[PDB]
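K.L.:
Any chance you can model this:
(4 chains)
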Amino acid sequence: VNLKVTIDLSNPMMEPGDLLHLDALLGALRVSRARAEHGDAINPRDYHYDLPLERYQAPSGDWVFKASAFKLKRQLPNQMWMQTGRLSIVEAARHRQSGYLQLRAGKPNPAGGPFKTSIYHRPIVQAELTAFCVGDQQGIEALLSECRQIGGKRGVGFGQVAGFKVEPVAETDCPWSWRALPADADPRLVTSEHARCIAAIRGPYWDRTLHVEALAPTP
Amino acid sequence: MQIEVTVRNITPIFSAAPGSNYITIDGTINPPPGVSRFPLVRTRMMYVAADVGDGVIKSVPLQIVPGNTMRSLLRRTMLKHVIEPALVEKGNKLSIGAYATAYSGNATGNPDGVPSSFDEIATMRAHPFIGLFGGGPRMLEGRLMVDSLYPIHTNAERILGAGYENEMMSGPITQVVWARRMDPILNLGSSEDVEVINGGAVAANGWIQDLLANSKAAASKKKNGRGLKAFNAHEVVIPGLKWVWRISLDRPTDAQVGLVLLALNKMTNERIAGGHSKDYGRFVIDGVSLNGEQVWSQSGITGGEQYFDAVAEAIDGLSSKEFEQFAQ
Amino acid sequence: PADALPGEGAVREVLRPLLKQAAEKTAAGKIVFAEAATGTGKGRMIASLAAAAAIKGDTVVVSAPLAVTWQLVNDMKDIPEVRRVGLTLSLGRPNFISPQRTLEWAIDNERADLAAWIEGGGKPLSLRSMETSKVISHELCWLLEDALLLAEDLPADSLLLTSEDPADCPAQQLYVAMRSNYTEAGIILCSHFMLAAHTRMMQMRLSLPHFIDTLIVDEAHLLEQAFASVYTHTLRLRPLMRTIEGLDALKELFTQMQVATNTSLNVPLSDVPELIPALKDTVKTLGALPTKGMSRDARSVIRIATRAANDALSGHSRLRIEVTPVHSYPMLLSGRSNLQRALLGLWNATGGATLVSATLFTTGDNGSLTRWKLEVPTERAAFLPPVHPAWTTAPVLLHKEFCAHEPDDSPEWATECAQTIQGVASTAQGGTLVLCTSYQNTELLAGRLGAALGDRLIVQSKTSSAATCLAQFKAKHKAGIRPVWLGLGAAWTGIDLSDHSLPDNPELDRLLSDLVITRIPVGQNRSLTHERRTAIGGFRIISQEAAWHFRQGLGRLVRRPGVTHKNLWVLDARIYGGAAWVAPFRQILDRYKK
DNA sequence: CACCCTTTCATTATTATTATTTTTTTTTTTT
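P.N.:
Numbering: from 1, shown residues only, chains lettered A, B, ... in the order given. Next up is the structure itself:
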């Protein structure tokens, strides 16, 4: 069908390290749908490939999904978010006296451990997210109806979806090739911004054990 | 399911922001160099998209509480108000690494990556407290999505959505409250006020010459210790402001929603600030809407009795071995 | 059209999609925001919604202005479903006349047809009246329109059916007997003023059902103002002073009323130095007058004055001052600037609702201020995509030239603007309406165009209403001359400038060949609720309300498809400037080309 | 060996920071 998807945001989102792939979003959405439709005790490996997309096979094995990465059009300047983590030492002391806490140590450590105070900063972007993929529009709408967040499923409030839209477009307009690809991809599919690296091309893109020698685009 | 808590802060809201922020004595934020400046810790604000003005999107500041503060506040009020009395009426003794997993979002039960079977993932996500946040070495996704405390403000109309146009604020919502510390040895009046000091007059005089020598040496260096005499500034969000709080639960049980409801029943004693000395962040709850239906009353929560019975039989049955098995 | 709604086949094909989701989301119990243009036939789609809800067993209430009433019951006569379930109308006291007073005026003014009409029962004479009497199956005698058709110059306020009329005059038990019209039919038509008055009757604890299962509001953009019309109780001083002669405390109320160009706007009790003892003396000297011997039409004036004073006394209402256009008479208002309670009391009393209007939505699919004005609950709100067809913007030609002077209520702007009106009127092949927002600038344009244009011009003023001006526009378009119309107020919103002399052929429509907007209508809405809503929202609410007023101003050109050679002119130099606040005003002008 | 203390090492270096400029109308057909 060769269609193209935009998501616009009611909340700013985490700017993704490497590429936010649309098939990763659809896989997480299908995992959530399978959690609703079976229950909680399931394998997420089973259903995060059950996607209404096309599957491109490279000339000697190394198959990937036919879904390009999310291109970002910044509505806002790329700001930064800070978050911190620390266990409240005062309640720990009162629980240590009350007997509810069993702590042999009589001193915390903000540089490391359970009472470590940690500060960390992540980029924040408010953007129009446009991806390109070949597949069925109805299934992508049914998946993205549950998509309340994108980029980070943080549970803390980021990336809340104002809306989404899928439209079919012509073949020559669509740059599907802008995606993490295997190194044995076709010569018409390799572009200049693609470069050879270690990257995941499929499924869980955070899982470094599945990371392969791949040719991928730069965000 | 969604819980929207509309609260008004009785006292100002202060959630400190990073960076080096400088204000003059008049009020100019971030002056150019060559003029006297001042240390300032502003409340936390994000640049958010705005369709106000024109149809094109402009970046406007919006002064919020971060969602992590909301998540930890909800967590800590469930521990302080229902979880801890239940676990000390039974005699349960938590361990550090299980206490660190329940009270913080940390993995010091085992710093190692603990493998998680899908059955044990299911049996810990259905726990009345544990499945809301998760945490620990399992690093499993908690069911509770806690949003930032958003003020009902025209800069947040994209975040707030339609329906909050009635009872809505505009314009500036931050006031730079100036605070100070005086050296209290200078406040010492006479022999009756100074007799409690070891040394008394001699010690007070010695601190006065030490502070004088340090200040004149610092001023001569201007043309590394520090005294007690400070005077600084911090932006706070104005008191009496109305705030919305979005708590969306990803396929919850009845006991988990009951635990969130009993948190909202007792969170009037909690605070939301970096101003605990100054009683900042005291709030009262004006509305709690479950799935679009308001449930808050003046005498706590009236409604959702199935959630209340579920959370009663949930917090009665816990024996803290599930917390220990959640940690390791 | 398989599995179509009742009456769907008479609805146009473009409005079929709006009708389907409107029926669907009113079947779910949500309040539906459905938006379509003027000439797309919203009455037929509303009829389909009313019939499809009526076959479910629902008590359906359709609220609309009285001009829209005849075409709404014209769309509700021939479909068999509302024939089976019945259609009735609820009409008030201002739909009827006093028979004794109208007969006494007809004898005094020697009107033979009016007196012969009253003697005999006041039988209906207009085709609308007997046809509505056939549809309701309740006889509609003593109609104000039927009496008006025989005598255009009757004092309709003086001959009116008041609440203080005796029980034996025929129109009063006519209205009383009718008040139970909602029991005998499944679909009840009402006005917005009827629905708001009966909502006030609900809130203070008859003519409409206690629970409306399905409510369709025609021209919903007006409806909140009708509520704003209902909850203002006004004390008129000069009719009281002429009635008492036929107290000194009300004269002292006028003297203390004098000391308080903004005269006490949006102030309920901010300043009351002598306002509340004077109000108490007014109440006690007006309520203790003897009812015996005092006239049957005077007690209406006394009672509306005491009701307005008792609304004033509580302190829960705002106070406003205005003067009549005729002279500087004493006019005082006790109105409500907050309206969440009463309209919310209507929405829990509505199962599902469709709010149809010509300017309902702000920008695209944003209607947030709309559910702010009517205080629609967000849980029950339903925002449908609007219908904006191409033929509304197809024949209209937008001209690049304009008036370089900014509108600043100055005579030099009046001269340059009037030279542009002279240019447009020279290039006009028909009628021209030039739209203003104020009396002062339209008198400036009248003084700049009087000797220039002569008999071609129509002006609106304190002595020239919109209806008189509109009637003159048809009159000198019938004579073959090309009129210009310095129109304001109701000339912006709610006038039909499509001719009825050529129904079947709209391609020869040249009654209004030129719309010229002289200035952007900013600062038009001065009501209490809009002032309070502006004080919350800010500059944005002023800009969006100006956008809605300008959209209603531009909607006067195309009223039906098939017209040709339509000209649109905008002479405000702020539009073509580099200012950003006129940005929506450009994008609506971006819907026209060349 | 799980519970902690307390030691240890590391090379370059600079600093900018979004905030606004209405008009004053007289409609409508309620009790």
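K.L.:
Using the three-state scheme, assign the one residue in chain A that gets nearest to chain C.
P.N.:
Closest residue of chain A to chain C, C-beta to the nearest C-beta: residue A:163 (9.8 Å). No exception for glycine: its C-beta is placed from N, CA and C like everyone else's. Secondary structure for residue A:163, judged by DSSP: H, G, I helix; E, B strand; the rest coil, is strand.
K.L.:
so who does it touch?
P.N.:
For residue A:163, the contact set (C-beta atoms under 8 Å, 6 or more residues apart in numbering or on different chains) comprises A:7-8.
K.L.:
can you rerun that using 7 Å?
P.N.:
residue A:8 (C-beta atoms under 7 Å, 6 or more residues apart in numbering or on different chains).
K.L.:
Who does it form a beta bridge with?
P.N.:
Beta-bridge partners for residue A:163, by DSSP bridges, are residue A:8.
K.L.:
Tell me the spacing between it and residue B:55.
P.N.:
Per C-beta to C-beta, to the nearest Å, residue A:163 is found 16 Å from residue B:55.
K.L.:
Around the residue nearest to residue C:404 when sequence neighbours are not counted, how many other residues sit close by?
P.N.:
Excluding the flanking residues, the one nearest residue C:404 by C-beta to C-beta, 6 or more residues apart in numbering or on different chains is residue C:573, at 5.6 Å. Neighbourhood size, residue C:573 [other C-beta atoms under 10 Å in any protein chain shown]: 17.
K.L.:
How much space separates residue C:21 from residue B:112?
P.N.:
Noted for residue C:21: a distance of 55 Å to residue B:112, by C-beta to C-beta.
K.L.:
of these two, who's got more company?
P.N.:
When neighbours are counted by other C-beta under 10 Å, residue C:21 and residue B:112 differ, and residue C:21 comes out ahead with 14 against 9.
K.L.:
Pretty sure residue C:384 is one of the things that one touches, is it not?
P.N.:
Yes - contact criterion C-beta atoms under 7 Å: residue C:21 and residue C:384 qualify, at 5.5 Å.
K.L.:
next helix or strand past the longest helix along chain A?
P.N.:
Determined from DSSP state H, the single longest helix within chain A is helix A:22-37. Later in the chain than helix A:22-37, the nearest helix or strand by DSSP states H and E is helix A:44-47.
K.L.:
Each with direction, which strands does the following helix or strand past that next one pair with?
P.N.:
Sequence order places strand A:54-58 as the next helix or strand after helix A:44-47, per DSSP H and E. Next to strand A:54-58 in the sheet, as set by DSSP bridges, lie strand A:61-66 (antiparallel).
K.L.:
correct me, but residue B:131 touches residue B:123?
P.N.:
No - assessed by C-beta under 7 Å, residue B:131 is found out of contact with residue B:123, at 9.1 Å.
K.L.:
higher neighbour count, those two?
P.N.:
Remark: of residue B:131 and residue B:123, residue B:131 carries more neighbours, 27 against 17, as counted by other C-beta under 10 Å.
K.L.:
Okay, that one and residue A:86: tell me how far apart.
P.N.:
The spacing between residue B:131 and residue A:86, counted by C-beta to C-beta, is 23 Å.
K.L.:
swap in residue A:125?
P.N.:
Taking C-beta to C-beta, one finds residue A:125 at 27 Å from residue A:86.
K.L.:
out of those two, which sits in the more crowded spot?
P.N.:
Neighbours per residue (other C-beta under 10 Å) separate residue A:125 from residue A:86, with residue A:125 holding more: 21 against 17.
K.L.:
excluding its backbone neighbours, what's nearest that one?
P.N.:
According to C-beta to C-beta, 6+ apart, the nearest residue to residue A:125 is residue A:15 (4.4 Å).
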